[PDB]
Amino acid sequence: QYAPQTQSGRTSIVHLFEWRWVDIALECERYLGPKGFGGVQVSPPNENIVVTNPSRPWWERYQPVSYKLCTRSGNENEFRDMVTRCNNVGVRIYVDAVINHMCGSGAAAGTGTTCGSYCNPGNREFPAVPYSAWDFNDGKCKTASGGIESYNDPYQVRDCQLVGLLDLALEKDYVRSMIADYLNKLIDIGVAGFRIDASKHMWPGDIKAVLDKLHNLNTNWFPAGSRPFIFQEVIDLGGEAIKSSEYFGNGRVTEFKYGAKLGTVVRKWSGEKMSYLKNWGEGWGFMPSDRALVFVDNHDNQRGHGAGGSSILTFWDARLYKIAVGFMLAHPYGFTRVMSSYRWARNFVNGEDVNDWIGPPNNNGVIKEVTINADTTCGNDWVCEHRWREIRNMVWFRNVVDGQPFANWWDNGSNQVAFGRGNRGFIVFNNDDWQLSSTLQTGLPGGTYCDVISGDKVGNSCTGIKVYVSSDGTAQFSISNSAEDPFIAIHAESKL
């Protein structure tokens, strides 16, 4: 469950948050395949309740009403087409599996659902699965309200309702089997693995019991005997009762400490400095690298949901975000996930974005297609960070340097740092309020290399900055603190 099952040599996934299946299929073919991306995390593909107040928020997709593959992203045929087309160009599909719960316990009964299935939340009836009251944890929960009152009590976190959502009785083989049947349908379609939503809210052994029922991956695209990649969403910043490590036996775990601490460092908040990153990884108290799924931001915390707070860097802070994403994609720690977002109208009231519910770009609730501009950006308010040169080229960097060790660290004792990956790549950052002008050991063979942050190698030449590396492996890096992108990255495949 720990191996990502990407094509050999492909080292990242992108979250194409709220994208439609046909757009992802096209994106695999025209972009992600050719640009070396390993895979796509998709939004929940199972039927959800329609939320009309507020009007179609993103988060309605975390309120399941059946396991039918029919959502605002598309129907089952479109989903299958996507998985087929993406796998056929070497880009894997990872599903966001919403398995801890069904919809809100206070929701109305009816067929206000994305495929038209009936449900009666008050009576715990989901006939399209089917589930009945017997399949939920209302009895087992010991709080007066039926909700989680204290994260200090692991029983309540797992057995009570998370924000009022009906909590499935994951101890029951019936429930485990209903979930496995859904996940196995997806595996047989060709999905490579799963993000297990809300894993903190399930017992590790209940998750294990579900995972033990799972098929091997489809041999049209994977070697025989391949197990699905599992990454469990567990928020554990270091000060609550439930630990990430409780989940290591099932697969990887999201390391939320990563983006929280990196954001603080890059923002230079709380006295933090980039020079402190020399021992990034387990030296910062993180989980083992071979258990970690890492990311700068995710779909929750880029809009103030989940955890990390204001330190989280996002596309709204584009300059610093590119620096953080670049550091992450260069550093060997973890398996990397890059976010791909949409814009929304933020409205901060006493520090809270009261528009944090706004759903994807839409015409009257119908999700807009992703249009591609001549300059390779996207229209219709899709941000497409994974198309930014500075991020795409660092996705390629990580593939180029795969397997090479952290090497040749340098810092100025403040916020200028550099390091390499064996003899195959080197990166240099200036996050101080003054000039960087230093001659550094890169670990690379002598030659002239294209800086892949400012440009590209195009045939015989570089379209941006060029770095001349001496025969001894040293090079000067000159980066102004007023630079648009105050970091430079070179690697073996950017050499002229």
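Start at 1 with the first residue shown and count on from there.
- As the entry records it, the average C-alpha temperature factor is higher for 137-145, out of 407-415 and 137-145.
- The mean C-alpha temperature factor is higher for 114-122 when 78-86 and 114-122 are set side by side.
- The residue among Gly425, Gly225, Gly193, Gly259 whose C-alpha carries the highest B-factor in the deposited model is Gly225.
- Taking the deposited Cα B-factors for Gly334, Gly365, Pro204, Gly263, the highest one is held by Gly365.
- Remark: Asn430 belongs to the lowest third of its chain, ranked by C-alpha B-factor as recorded.
- In this PDB entry, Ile490 carries a Cα temperature factor that places it within the lowest third of its chain's modelled residues.
- Ranked by Cα temperature factor within the chain, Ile479 sits in the middle third according to the deposited record.
- When the modelled residues of the chain are ordered by C-alpha B-factor, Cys462 sits in the highest third.
- Ranked by C-alpha B-factor against the other modelled residues of its chain, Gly326 falls in the lowest third.
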